[PDB]
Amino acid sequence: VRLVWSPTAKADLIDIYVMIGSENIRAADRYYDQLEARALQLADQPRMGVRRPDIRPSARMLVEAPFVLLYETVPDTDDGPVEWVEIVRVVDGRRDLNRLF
């Protein structure tokens, strides 16, 4: 399964690294290790997230604490082969959410 990222999701990743990396580069690297590892897990298991059609109909959420990956599969089906996964945003729950669920 091909894994791609929206231009904004790439910008999210850069911003996250810059924010914590401004004081702790090791922590910034650790976050990238964790986000990459989860994104790899997601490519192997495209439906591992939770469907959130109350956000948008194809939206899914996958937690990678403290972050939330918002993503979709193409096609947006419940069963069968997935051609790709698009990560649409990487959200920091500490900065943008009251609760995860």
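All residue numbers are counted from 1 along the displayed sequence.
Higher average CA B factor: 75-83, of the stretches 8-16 and 75-83.
Just going by the entry, 51-59 versus 36-44 on mean CA temperature factor gives the higher value to 36-44.
Placement of the Cα temperature factor of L97 within the chain: lowest third of the modelled residues, per the deposited record. Among the modelled residues of its chain, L69 has a C-alpha B-factor that falls in the lowest third, as given in the PDB entry.
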